Amino acid sequence: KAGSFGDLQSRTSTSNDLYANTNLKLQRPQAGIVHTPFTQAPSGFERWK
Amino acid sequence: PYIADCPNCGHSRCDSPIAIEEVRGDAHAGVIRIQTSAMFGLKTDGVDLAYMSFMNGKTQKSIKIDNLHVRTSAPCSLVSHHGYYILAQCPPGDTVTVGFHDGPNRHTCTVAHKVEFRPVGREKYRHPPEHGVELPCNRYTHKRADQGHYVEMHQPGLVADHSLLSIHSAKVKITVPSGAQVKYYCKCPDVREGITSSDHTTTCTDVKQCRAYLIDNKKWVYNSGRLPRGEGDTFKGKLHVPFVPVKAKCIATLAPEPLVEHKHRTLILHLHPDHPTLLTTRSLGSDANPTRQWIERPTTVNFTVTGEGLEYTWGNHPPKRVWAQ
Amino acid sequence: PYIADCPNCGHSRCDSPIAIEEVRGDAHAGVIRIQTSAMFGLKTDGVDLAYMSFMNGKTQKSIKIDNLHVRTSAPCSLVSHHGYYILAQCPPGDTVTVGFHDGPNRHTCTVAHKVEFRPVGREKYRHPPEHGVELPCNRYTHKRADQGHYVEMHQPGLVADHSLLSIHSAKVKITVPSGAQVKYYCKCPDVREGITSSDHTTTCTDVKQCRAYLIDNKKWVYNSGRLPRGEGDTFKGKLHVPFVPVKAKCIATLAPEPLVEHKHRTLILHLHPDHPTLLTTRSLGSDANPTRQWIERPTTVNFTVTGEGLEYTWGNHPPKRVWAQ
Amino acid sequence: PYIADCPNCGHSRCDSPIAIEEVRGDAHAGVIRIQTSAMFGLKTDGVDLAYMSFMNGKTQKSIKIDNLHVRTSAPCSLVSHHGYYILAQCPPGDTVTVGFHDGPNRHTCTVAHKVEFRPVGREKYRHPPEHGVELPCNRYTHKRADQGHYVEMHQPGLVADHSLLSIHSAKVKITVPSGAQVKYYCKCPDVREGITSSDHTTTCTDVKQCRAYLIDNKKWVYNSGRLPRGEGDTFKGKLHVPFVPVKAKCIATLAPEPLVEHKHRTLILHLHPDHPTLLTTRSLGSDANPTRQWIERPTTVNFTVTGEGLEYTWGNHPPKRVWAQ
């Protein structure tokens, strides 16, 4: 689960495939300006430390 | 540009022209409106807000702003100046610490004031982000075309200037700036008022027992607490404030989305914020049974949802709602 | 040197060439690796890492680095730059705040990012000391001869430049940088693609209703989120990262030694740390019965040691062991 | 001006002349007394405290102080320098971070030291205010005319200088500063002491296997831990300390007045401080029944006052007293 431990789950380091339940939800940029709202849980590897 | 007594002027209590009064860390946007006793802005006469007039001597010095520094716990960011008054984006700080650089000297001024910046929202950040929702903060303007309030600004009282009281080779010798009004006598008996050009002093001799005064009320001042009253009168000089507090919508906070987890009439919520977030709810029965808790540490929480519904407020993120039949 | 939209660029959202993306306060050594959209390093052509090329106009400005400033809650310390990317030793800070000084202007860029620096060890310092044990921290390199990863860096999309759209005395007049590819039409019907030298505009007149574009893909960019896509293709330009996270042994923490005190099968320990220290033990019976507590306040503690032994871990100071018969 | 090994000298452990030893954040007034290994003050010879002599090479450089910077979590304020030693008004900081600017280079030095500034008083401020009561703090002087203590300052030991060990076109060639005493031999067998003018080296060839030493004890040093002993003797050089800790009455703290509220033999006190204030009382019966609690959060409290009296201590505001019959 996103936020919980193992939000990112790669088999190994080389493994291009993985499982990323991060609850990554993009939001629209504000007031006619170029940027990318990415609303996301900081990792369950950030916590767990 | 008024001059007053700065409290911890580098060493200790000097008399800085940039003596800080009325610190206002009362808005939300990282901003403080400050009054120096110095009136930067245009010059003495007519040009260029971005120049710099403080008092050196009895006299102004209307020159360039080159190296202003407001600062606190960290160096602030200027926002705009107008009149005696500057707006600057600061972080929180136990104190406020201001200063320019004339060029020969640092010549700063510093003061105590409790500062914080809560953004408006149920998130208790320490600083405004780049993104998030906009919502109605309190904040000061960039601009000058401003009349929403005005503070009394009547005359200065006198000021000391013992550079005047020279010696006439045996007697203490007063002079005048430009024909200004010098209010004079000594502990001994001699001239008792002083409204004059350059006088001498028949009786006393010592500079340290005489009235070196400057009634120079050709230009009014701010009515600082660190001003001596102009005893004569409440002269005119009602004068605006530029930096009105306005209802700007700050670019503002947002807390990361929750992890909704189902149970039987129960919301488990593994939760993981960026900053301390005030969560709260309202069990919509006529039994309200609300809850409040600032959450900064990530926490799996629980909510006994009822049949009719509950609502859920992840910070200033909008309120959610839930059917738990 | 790419240019993007800085979020709180002194005043508010400007477009700084040093627009900060990918802040990484994820190491331990007081260090952050940052990417500016600006590519400092060598010049446009071939010389001297310690020079400074950002974008001014459509154009670079490959000149000296003279007065870089990364900063946070306090001013940081630069470590090294390579490419778009800088490493700098910072303290903790709610934000990150970057900026050089071209010389006429401050021209900085600032951003939100949660920063901390735990050193590796059971001591929770705020800062690396001069002494103590070395142990395996995570940290970025000084160097450039680095291939351990590479990020995609394909082309830029177009960019706006309304300095182009002049007026041909009645018609709106586009020009070109150097023969670059200007993608052009207006709301009215006129030339519809634009792959040209300096064109005019037969139909529309207003500058504010036309396509001032610069397809100038002679040099690729970083694939910032604050980039508009080059719609044509995923061009080549796989490009390394210098500042790989490496297994440096930081000069690291150490907590003051304990005061061992004997009792009957019991360790009284008057204890007095420098910083919050995670103490913990392991009663070596098959009954583990461990304990954990961060200690920052000096505290006399106790440990019911058993017959066979206990061990004791005063921070990253090595583990002790004890016979309590 | 001694030179020693700074611990985190911008990059890492350099050998700065301003190598910081004996940080003393032990006073109250926002002040720290520091010792650089550099001896700023007068020049090499005779003039102007406000000049700046550090070691560059084997040599001094007695020039202007132009851009000193002590700093911590924030930039400090210098107070005064004398000898090896500087006093500076700092805020709290996990570290201490010092540095001037020679002009070609930053050339700073930094160190760990736990710093705080409690003012004396039951108020736990973070910073000295402009107002409040004066009371007996501990603090260092501005001045130099000071003898209250003296630290041993005997000779330097030798120092390395491999700029000496040039090559005599096949042999490694030592020279001398000014006829100073160069202590010399190589791993091979050649001249074994070295008390000489510029020698050659018959036997060895490599610069990296020889004794480049400078017994240059014409001027003593501070007895830094980062000094190698002058093995010969405890030479003279007992030398004072300027910045004695003195019993200054700091301009000091004061907490806002309480709101006294009557009840039956009971003081309700709605209370609202500026900073954490240690309140405490003494029920004047032979039953003392005192209370202590730091109050930073505004709190309505209560006190069961007895018949004979109670006293009340709102911070370093003077003690009150109360008849509750």
# chains A, B, ... in the order shown; residues from 1 in each chain; ligands from 1

$ closest_atom_pairs --of "range 78-124 of chain B" --to "range 260-283 of chain D" --cutoff "10 Å" --atoms "only C-alpha atoms" --output "Markdown table"
| residue | atom | partner | partner_atom | distance |
| --- | --- | --- | --- | --- |
| B:94 | CA | D:275 | CA | 9.8 |
| B:113 | CA | D:274 | CA | 9.8 |
| B:114 | CA | D:274 | CA | 8.0 |

$ write_last_selection --atoms "N, CA, C and O atoms" --output "PDB file, in the first residue's frame"
ATOM      1  N   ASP B  94      12.728  34.501  16.127  1.00  0.00           N
ATOM      2  CA  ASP B  94      12.509  35.078  17.443  1.00  0.00           C
ATOM      3  C   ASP B  94      12.641  36.591  17.421  1.00  0.00           C
ATOM      4  O   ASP B  94      11.987  37.282  18.207  1.00  0.00           O
ATOM      5  N   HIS B 113      11.100  40.600  18.159  1.00  0.00           N
ATOM      6  CA  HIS B 113       9.693  40.422  17.851  1.00  0.00           C
ATOM      7  C   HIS B 113       9.400  38.966  17.540  1.00  0.00           C
ATOM      8  O   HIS B 113      10.063  38.352  16.698  1.00  0.00           O
ATOM      9  N   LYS B 114       8.401  38.416  18.210  1.00  0.00           N
ATOM     10  CA  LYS B 114       7.983  37.048  17.955  1.00  0.00           C
ATOM     11  C   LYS B 114       7.357  36.970  16.574  1.00  0.00           C
ATOM     12  O   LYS B 114       6.353  37.631  16.306  1.00  0.00           O
TER      13      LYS B 114
END

$ residues_around --residues "residue 14 in chain C" --least-positions-apart "2" --cutoff "12 Å" --atoms "only C-alpha atoms" --output "ChimeraX atom specification"
/A:33-34 /B:130 /C:3-12,16-20,107-111

$ write_last_selection --atoms "N, CA, C and O atoms" --output "compact mmCIF listing (two decimals), in the first residue's frame"
# COMPACT_ATOMS: atom_id res chain seq x y z
N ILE A 33 0.06 28.26 -15.85
CA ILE A 33 1.51 28.19 -15.77
C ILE A 33 1.94 26.74 -15.99
O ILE A 33 1.26 25.80 -15.58
N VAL A 34 3.09 26.58 -16.64
CA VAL A 34 3.66 25.27 -16.91
C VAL A 34 4.25 24.72 -15.62
O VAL A 34 5.22 25.27 -15.09
N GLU B 130 5.32 25.62 -3.61
CA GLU B 130 5.12 26.02 -4.99
C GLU B 130 3.74 25.69 -5.51
O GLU B 130 3.29 26.32 -6.48
N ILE C 3 15.73 26.61 -19.33
CA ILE C 3 15.01 27.59 -18.55
C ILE C 3 13.58 27.12 -18.31
O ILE C 3 12.87 26.77 -19.25
N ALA C 4 13.16 27.18 -17.05
CA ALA C 4 11.85 26.71 -16.62
C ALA C 4 11.27 27.72 -15.64
O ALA C 4 11.83 28.79 -15.43
N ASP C 5 10.16 27.33 -15.02
CA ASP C 5 9.35 28.24 -14.21
C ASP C 5 9.65 28.02 -12.74
O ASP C 5 9.12 27.10 -12.11
N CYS C 6 10.47 28.89 -12.18
CA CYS C 6 10.75 28.84 -10.76
C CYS C 6 9.49 29.19 -9.98
O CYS C 6 8.70 30.03 -10.43
N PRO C 7 9.24 28.56 -8.82
CA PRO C 7 7.94 28.74 -8.16
C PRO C 7 7.76 29.99 -7.31
O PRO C 7 6.64 30.49 -7.19
N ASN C 8 8.80 30.44 -6.64
CA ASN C 8 8.72 31.62 -5.78
C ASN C 8 9.97 32.47 -5.99
O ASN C 8 10.73 32.79 -5.08
N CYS C 9 10.18 32.82 -7.25
CA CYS C 9 11.41 33.42 -7.76
C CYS C 9 11.59 34.82 -7.22
O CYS C 9 11.47 35.81 -7.95
N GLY C 10 11.89 34.92 -5.92
CA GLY C 10 12.04 36.20 -5.27
C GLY C 10 10.69 36.81 -4.96
O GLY C 10 10.25 36.82 -3.81
N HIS C 11 10.02 37.31 -5.99
CA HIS C 11 8.65 37.79 -5.84
C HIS C 11 7.69 36.61 -5.84
O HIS C 11 7.03 36.32 -4.84
N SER C 12 7.62 35.93 -6.97
CA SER C 12 6.59 34.96 -7.28
C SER C 12 7.13 34.10 -8.41
O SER C 12 8.34 34.06 -8.65
N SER C 16 13.04 31.24 -14.25
CA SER C 16 14.48 31.35 -14.05
C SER C 16 15.21 30.27 -14.83
O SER C 16 14.71 29.15 -14.95
N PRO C 17 16.40 30.55 -15.37
CA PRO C 17 17.21 29.46 -15.91
C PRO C 17 17.69 28.49 -14.86
O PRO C 17 18.04 27.35 -15.20
N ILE C 18 17.70 28.89 -13.59
CA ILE C 18 18.20 28.04 -12.52
C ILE C 18 17.02 27.41 -11.80
O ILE C 18 17.11 27.11 -10.60
N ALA C 19 15.91 27.24 -12.51
CA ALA C 19 14.71 26.65 -11.93
C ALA C 19 15.02 25.29 -11.34
O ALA C 19 15.53 24.40 -12.02
N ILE C 20 14.70 25.14 -10.06
CA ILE C 20 15.13 24.00 -9.27
C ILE C 20 14.11 22.88 -9.40
O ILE C 20 12.93 23.06 -9.07
N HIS C 107 18.73 37.58 -9.09
CA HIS C 107 18.36 36.58 -10.08
C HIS C 107 18.51 35.16 -9.53
O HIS C 107 19.30 34.34 -10.00
N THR C 108 17.72 34.89 -8.49
CA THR C 108 17.78 33.67 -7.70
C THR C 108 16.59 32.77 -8.04
O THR C 108 15.71 33.13 -8.82
N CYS C 109 16.57 31.59 -7.43
CA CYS C 109 15.42 30.71 -7.52
C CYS C 109 15.30 29.85 -6.28
O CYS C 109 16.29 29.36 -5.74
N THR C 110 14.06 29.60 -5.88
CA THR C 110 13.75 29.03 -4.59
C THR C 110 12.64 28.01 -4.75
O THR C 110 11.91 28.03 -5.74
N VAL C 111 12.54 27.10 -3.79
CA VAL C 111 11.66 25.95 -3.93
C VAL C 111 11.40 25.35 -2.56
O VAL C 111 12.18 25.52 -1.63

$ interface_residues --of "chain C" --to "chain D" --cutoff "7 Å" --atoms "only C-alpha atoms" --output "PyMOL selection string"
chain C and resi 74+77+79+126-127+129-130

$ residues_around --residues "residue 290 in chain D" --least-positions-apart "2" --cutoff "12 Å" --atoms "only C-alpha atoms" --output "count of residues only"
19

$ atom_distance --atom1 "CA of residue 5 in chain A" --atom2 "CA of residue 137 in chain C"
21.6 Å

$ closest_atom_pairs --of "chain C" --to "chain A" --cutoff "8 Å" --atoms "only C-alpha atoms" --output "JSON lines"
{"residue": "C:5", "atom": "CA", "partner": "A:34", "partner_atom": "CA", "distance": 7.0}
{"residue": "C:225", "atom": "CA", "partner": "A:36", "partner_atom": "CA", "distance": 6.0}
{"residue": "C:226", "atom": "CA", "partner": "A:35", "partner_atom": "CA", "distance": 4.9}
{"residue": "C:227", "atom": "CA", "partner": "A:34", "partner_atom": "CA", "distance": 7.6}
{"residue": "C:228", "atom": "CA", "partner": "A:34", "partner_atom": "CA", "distance": 7.9}

$ closest_residue --among "B:248, B:90, B:207, B:76" --to "residue 187 in chain B" --atoms "only C-alpha atoms"
B:207

$ atom_distance --atom1 "CA of residue 61 in chain D" --atom2 "CA of residue 46 in chain D"
13.9 Å

$ atom_distance --atom1 "CA of residue 85 in chain C" --atom2 "CA of residue 124 in chain C"
28.8 Å

$ select_by_dssp --residues "range 47-194 of chain C" --states "strand (DSSP E)" --output "JSON, numbers by chain"
{"C": [51, 52, 53, 54, 55, 56, 59, 60, 61, 62, 63, 64, 69, 70, 71, 77, 78, 79, 80, 81, 82, 85, 86, 87, 88, 89, 93, 94, 95, 96, 97, 98, 99, 108, 109, 110, 111, 112, 113, 114, 115, 134, 135, 136, 139, 140, 150, 151, 152, 166, 167, 172, 173]}

$ residues_around --residues "residue 58 in chain B" --least-positions-apart "6" --cutoff "9 Å" --atoms "only C-alpha atoms" --output "JSON, numbers by chain"
{"B": [159, 161, 177, 214]}

$ residues_around --residues "residue 168 in chain D" --least-positions-apart "3" --cutoff "12 Å" --atoms "only C-alpha atoms" --output "PyMOL selection string"
chain D and resi 164-165+171-175+198-202+204-207

$ write_last_selection --atoms "C-alpha atoms" --output "mmCIF file, in the first residue's frame"
data_model
loop_
_atom_site.group_PDB
_atom_site.id
_atom_site.type_symbol
_atom_site.label_atom_id
_atom_site.label_comp_id
_atom_site.auth_asym_id
_atom_site.auth_seq_id
_atom_site.Cartn_x
_atom_site.Cartn_y
_atom_site.Cartn_z
ATOM 1 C CA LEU D 164 61.847 23.910 0.890
ATOM 2 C CA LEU D 165 62.859 20.514 -0.463
ATOM 3 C CA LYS D 171 69.672 15.668 -5.347
ATOM 4 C CA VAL D 172 66.916 16.918 -3.086
ATOM 5 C CA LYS D 173 67.704 20.469 -2.031
ATOM 6 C CA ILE D 174 66.549 22.054 1.202
ATOM 7 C CA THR D 175 66.649 25.803 1.796
ATOM 8 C CA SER D 198 70.434 25.877 2.683
ATOM 9 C CA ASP D 199 71.832 22.342 2.534
ATOM 10 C CA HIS D 200 71.828 19.779 -0.221
ATOM 11 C CA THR D 201 71.313 16.032 0.227
ATOM 12 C CA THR D 202 74.119 13.737 -0.864
ATOM 13 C CA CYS D 204 68.552 10.489 -1.015
ATOM 14 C CA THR D 205 66.864 11.946 -4.091
ATOM 15 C CA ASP D 206 63.116 11.815 -3.531
ATOM 16 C CA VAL D 207 61.420 14.775 -1.894
#

$ residues_around --residues "residue 2 in chain A" --least-positions-apart "4" --cutoff "12 Å" --atoms "only C-alpha atoms" --output "list in words"
residues 6, 7, 8, 9, 19, 20, 21, 22, 23, 24, 25, 40, 41, 42, 43, 44, 45, 46 and 47 of chain A; 256, 257, 258, 259, 260, 261, 269, 270, 271 and 272 of chain B

$ closest_residue --among "B:246, B:170, B:102, B:210" --to "residue 189 in chain B" --atoms "only C-alpha atoms"
B:210

$ closest_residue --among "B:254, B:229, B:148, B:106" --to "residue 27 in chain A" --atoms "only C-alpha atoms"
B:254

$ residues_around --residues "residue 50 in chain C" --least-positions-apart "3" --cutoff "9 Å" --atoms "only C-alpha atoms" --output "ChimeraX atom specification"
/C:40-43,47,64-66,81

$ write_last_selection --atoms "N, CA, C and O atoms" --output "short mmCIF file (atom, residue, chain, number, x, y, z; two decimals), in the first residue's frame"
data_model
loop_
_atom_site.label_atom_id
_atom_site.label_comp_id
_atom_site.auth_asym_id
_atom_site.auth_seq_id
_atom_site.Cartn_x
_atom_site.Cartn_y
_atom_site.Cartn_z
N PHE C 40 25.56 24.96 -15.87
CA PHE C 40 26.87 25.52 -15.61
C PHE C 40 27.91 24.43 -15.81
O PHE C 40 27.58 23.26 -16.00
N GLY C 41 29.18 24.81 -15.75
CA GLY C 41 30.26 23.88 -16.04
C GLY C 41 31.25 24.51 -17.00
O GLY C 41 31.70 25.63 -16.77
N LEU C 42 31.59 23.80 -18.07
CA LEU C 42 32.35 24.43 -19.13
C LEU C 42 31.51 25.54 -19.74
O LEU C 42 30.32 25.69 -19.46
N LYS C 43 32.12 26.29 -20.64
CA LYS C 43 31.41 27.34 -21.34
C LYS C 43 30.52 26.70 -22.40
O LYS C 43 30.26 25.50 -22.38
N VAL C 47 35.84 24.96 -22.04
CA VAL C 47 36.85 25.29 -21.02
C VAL C 47 36.21 25.50 -19.64
O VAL C 47 35.14 26.10 -19.52
N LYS C 64 31.60 33.67 -15.84
CA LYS C 64 32.15 33.19 -14.57
C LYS C 64 31.08 32.95 -13.51
O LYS C 64 30.06 33.64 -13.46
N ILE C 65 31.37 32.03 -12.60
CA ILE C 65 30.46 31.52 -11.57
C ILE C 65 30.38 32.43 -10.35
O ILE C 65 29.74 32.09 -9.35
N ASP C 66 30.94 33.64 -10.46
CA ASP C 66 31.49 34.41 -9.35
C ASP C 66 30.82 34.29 -7.98
O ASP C 66 31.51 34.13 -6.97
N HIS C 81 29.88 21.32 -9.04
CA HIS C 81 28.91 21.36 -10.11
C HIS C 81 29.40 20.55 -11.30
O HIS C 81 30.61 20.46 -11.56
#

$ decode --residues "range 174-247 of chain B" --atoms "C-alpha atoms" --output "PDB file, in the first residue's frame"
ATOM      1  CA  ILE B 174      25.850  77.774  19.247  1.00  0.00           C
ATOM      2  CA  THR B 175      25.150  77.935  15.519  1.00  0.00           C
ATOM      3  CA  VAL B 176      22.176  77.107  13.271  1.00  0.00           C
ATOM      4  CA  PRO B 177      21.566  74.694  10.372  1.00  0.00           C
ATOM      5  CA  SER B 178      19.979  77.017   7.819  1.00  0.00           C
ATOM      6  CA  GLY B 179      18.332  79.568  10.050  1.00  0.00           C
ATOM      7  CA  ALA B 180      16.491  76.788  11.865  1.00  0.00           C
ATOM      8  CA  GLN B 181      15.064  77.391  15.312  1.00  0.00           C
ATOM      9  CA  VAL B 182      17.591  76.556  18.043  1.00  0.00           C
ATOM     10  CA  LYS B 183      16.167  76.432  21.562  1.00  0.00           C
ATOM     11  CA  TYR B 184      18.886  77.580  23.928  1.00  0.00           C
ATOM     12  CA  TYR B 185      20.043  78.486  27.497  1.00  0.00           C
ATOM     13  CA  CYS B 186      22.570  76.942  29.890  1.00  0.00           C
ATOM     14  CA  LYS B 187      22.479  75.983  33.560  1.00  0.00           C
ATOM     15  CA  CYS B 188      23.854  79.453  34.271  1.00  0.00           C
ATOM     16  CA  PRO B 189      21.689  82.515  33.509  1.00  0.00           C
ATOM     17  CA  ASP B 190      21.966  83.631  29.844  1.00  0.00           C
ATOM     18  CA  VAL B 191      19.575  83.719  26.807  1.00  0.00           C
ATOM     19  CA  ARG B 192      16.544  81.726  27.952  1.00  0.00           C
ATOM     20  CA  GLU B 193      14.464  80.722  24.897  1.00  0.00           C
ATOM     21  CA  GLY B 194      16.635  80.656  21.798  1.00  0.00           C
ATOM     22  CA  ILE B 195      14.855  81.463  18.554  1.00  0.00           C
ATOM     23  CA  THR B 196      17.852  82.782  16.723  1.00  0.00           C
ATOM     24  CA  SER B 197      20.644  82.644  14.227  1.00  0.00           C
ATOM     25  CA  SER B 198      24.072  81.670  15.567  1.00  0.00           C
ATOM     26  CA  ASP B 199      24.246  82.986  19.133  1.00  0.00           C
ATOM     27  CA  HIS B 200      27.065  83.060  21.622  1.00  0.00           C
ATOM     28  CA  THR B 201      26.745  82.430  25.366  1.00  0.00           C
ATOM     29  CA  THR B 202      27.754  85.230  27.704  1.00  0.00           C
ATOM     30  CA  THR B 203      27.473  83.314  30.971  1.00  0.00           C
ATOM     31  CA  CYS B 204      28.274  79.599  30.801  1.00  0.00           C
ATOM     32  CA  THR B 205      31.391  78.107  29.221  1.00  0.00           C
ATOM     33  CA  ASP B 206      31.026  74.333  29.268  1.00  0.00           C
ATOM     34  CA  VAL B 207      29.397  72.630  26.308  1.00  0.00           C
ATOM     35  CA  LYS B 208      27.998  70.045  28.736  1.00  0.00           C
ATOM     36  CA  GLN B 209      25.570  72.410  30.494  1.00  0.00           C
ATOM     37  CA  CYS B 210      23.648  73.921  27.584  1.00  0.00           C
ATOM     38  CA  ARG B 211      20.586  73.378  25.402  1.00  0.00           C
ATOM     39  CA  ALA B 212      21.678  72.194  21.946  1.00  0.00           C
ATOM     40  CA  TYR B 213      18.237  71.915  20.352  1.00  0.00           C
ATOM     41  CA  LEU B 214      16.835  71.852  16.810  1.00  0.00           C
ATOM     42  CA  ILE B 215      13.234  72.908  16.349  1.00  0.00           C
ATOM     43  CA  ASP B 216      13.380  72.067  12.632  1.00  0.00           C
ATOM     44  CA  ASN B 217       9.729  71.390  11.925  1.00  0.00           C
ATOM     45  CA  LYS B 218       9.795  71.989   8.183  1.00  0.00           C
ATOM     46  CA  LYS B 219       9.065  68.274   7.677  1.00  0.00           C
ATOM     47  CA  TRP B 220       6.822  66.123   9.847  1.00  0.00           C
ATOM     48  CA  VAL B 221       7.679  62.642  11.152  1.00  0.00           C
ATOM     49  CA  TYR B 222       6.203  59.353  12.157  1.00  0.00           C
ATOM     50  CA  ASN B 223       4.889  59.461  15.701  1.00  0.00           C
ATOM     51  CA  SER B 224       7.307  56.897  17.047  1.00  0.00           C
ATOM     52  CA  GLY B 225       7.335  56.037  20.699  1.00  0.00           C
ATOM     53  CA  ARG B 226      11.039  56.823  20.399  1.00  0.00           C
ATOM     54  CA  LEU B 227      10.215  60.422  19.449  1.00  0.00           C
ATOM     55  CA  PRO B 228      10.238  63.361  21.859  1.00  0.00           C
ATOM     56  CA  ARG B 229       7.007  65.312  21.585  1.00  0.00           C
ATOM     57  CA  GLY B 230       6.913  68.572  19.743  1.00  0.00           C
ATOM     58  CA  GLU B 231       5.516  70.340  22.757  1.00  0.00           C
ATOM     59  CA  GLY B 232       3.832  73.171  20.889  1.00  0.00           C
ATOM     60  CA  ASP B 233       0.946  71.550  19.094  1.00  0.00           C
ATOM     61  CA  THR B 234      -0.601  68.630  17.274  1.00  0.00           C
ATOM     62  CA  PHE B 235       0.377  69.859  13.835  1.00  0.00           C
ATOM     63  CA  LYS B 236      -1.260  68.375  10.732  1.00  0.00           C
ATOM     64  CA  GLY B 237       0.270  65.554   8.689  1.00  0.00           C
ATOM     65  CA  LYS B 238      -2.275  62.768   8.519  1.00  0.00           C
ATOM     66  CA  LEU B 239      -0.494  60.286   6.277  1.00  0.00           C
ATOM     67  CA  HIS B 240      -1.537  56.985   4.735  1.00  0.00           C
ATOM     68  CA  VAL B 241      -0.167  53.495   5.114  1.00  0.00           C
ATOM     69  CA  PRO B 242       0.881  51.722   1.890  1.00  0.00           C
ATOM     70  CA  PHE B 243       0.945  48.128   2.990  1.00  0.00           C
ATOM     71  CA  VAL B 244      -2.649  47.468   3.933  1.00  0.00           C
ATOM     72  CA  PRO B 245      -3.458  43.877   4.918  1.00  0.00           C
ATOM     73  CA  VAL B 246      -5.500  42.516   2.020  1.00  0.00           C
ATOM     74  CA  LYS B 247      -7.440  39.357   1.258  1.00  0.00           C
TER      75      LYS B 247
END
